[PDB]
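Okay, here we've got a single chain as structure tokens, the form deposited in one PDB entry, with questions on binding and movement later.
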């Protein structure tokens, strides 16, 4: 059967075009601040009275977390054509579309930020350092240098609270001061801190993710004491979460917590379970006295909903035919090499037979999760007639500290076996007639890792924005990613070499498709050029697609088409062979 290219393009472009919204906070006069992919690009909008107002001109990457009622929004715009060197732009909410560049900040990798209306506190990674900056009337000030990736969580008064990846894959809590600066790190011996919000008593309420569970703890920044937080309702404690998505104090003092287990989240106010649509939820805001959150699911693109009715305020609509191309989704537990149960989401295509063509779609990160959340790539594969298997290999989030840290020191090892077991499960369970592997960033590294370490398991592979050589990538990384590479490999350069797919090209026996941004910082192109030379010299058949002016974060419809369409075409072509 011939590949139906034109339908694939039409399906792919419609799935990319559907509006996707992100909830950021409440500004001005009870205006919802939302980030949305609408009209083919990423923009920032004010929502109020059933209408949206565009705040930015040219597409953005994100905005900083606003304090309630501040009369401005701080845009974050990549000004390096995908290299993730960002700049900050202020937009007065009273004059949307009028941007003022914050010229006191030089282009750096902006990692997080909070705007109190009086000061703009953020974390940025330059070539030599990750630091916690503050921008006010007295100029730009560095408050502290951070030993790796750090993100601002909350600011109440003079106290700043955040989260830091400062060692061995565990997340530490940190505090600083707007007036005096400095840094104080809070490490937990039970697990990692997940979210953080400063209480009215100037404490730090934080989520603590231990080996197999998660709970709320109170951290006194004065002496570092930690105690379990008790809530006036017991719904949260009996919910027994394994991960905490986000928490924060509402302006009326109530504590909102979004926690999750088995790829689905729940909303709690002062411990009480609030009804929310099935799936995954973002931050919770108080808007005109009502609770608003974001909602997403494997069949529902990210949307803005009110609680507890679950009724949408902003959502993109999918055409019925695309809705039908996803027959359903389920979570199954795949047994891996050492007897661990790998939580795996399966997306059953309504346009494939059973057994039928199946793509194992490996998520990136690796500190990320295949959850019941919208995946544009997974939707395109179901629309093109592929079942999608999404394994949360070890190193994934959402299933406890123990499962997440198992990857530390073992890239392309135990987690690769998890991917293989899910693939073998698909065929052995009667779901898959043939097996393909596909992934981007770290998922693209896994594809190369799979085709080199386990030839013959899959029929063909798609590696997008992949890691090819840990050594060269480390030499081409900034302060943050160099530290991140060190934690992932456990400091071992021997792990950096033996676990690099570039050093195992001889083993490849399957057709390979390479897709790569031309000027991405996280995953540089120069090692990929070396990989293609290796493939050619060793007589391996491959195809490569290098997309320019795009990096890790795509914020236009055209670039998203150009990095996804080659993958679907390649797999559809392979299916007829």
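Positions refer to the first chain, counted from 1.
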| query | finding |
| --- | --- |
| Of 39-47 and 543-551, the one with larger mean CA B-factor | 543-551 |
| Entry-level comparison of average CA B-factors, 470-478 and 232-240, reporting the higher stretch | 470-478 |
| C-alpha B-factor winner, where the candidates are 175, 500, 123, 278 | 500 |
| Largest Cα B-factor, entry values, listed residues 96, 207, 339, 263 | 339 |
| CA B-factor ranking of residue 133, expressed as a third of its chain | lowest |
| Relative C-alpha B-factor of residue 53, binned into the chain's lowest, middle or highest third | lowest |
| Within-chain third of residue 440 by Cα B-factor, per the entry | middle |
| Residue 557, C-alpha B-factor rank within chain (lowest, middle or highest third) | highest |
| Third assignment of residue 464 from its chain's C-alpha B-factors | middle |
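The discussion below concerns the form deposited in another entry, not included here.
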item	value
Rigid-body membership between the shown form and the other one: residue 194 with residue 74	yes
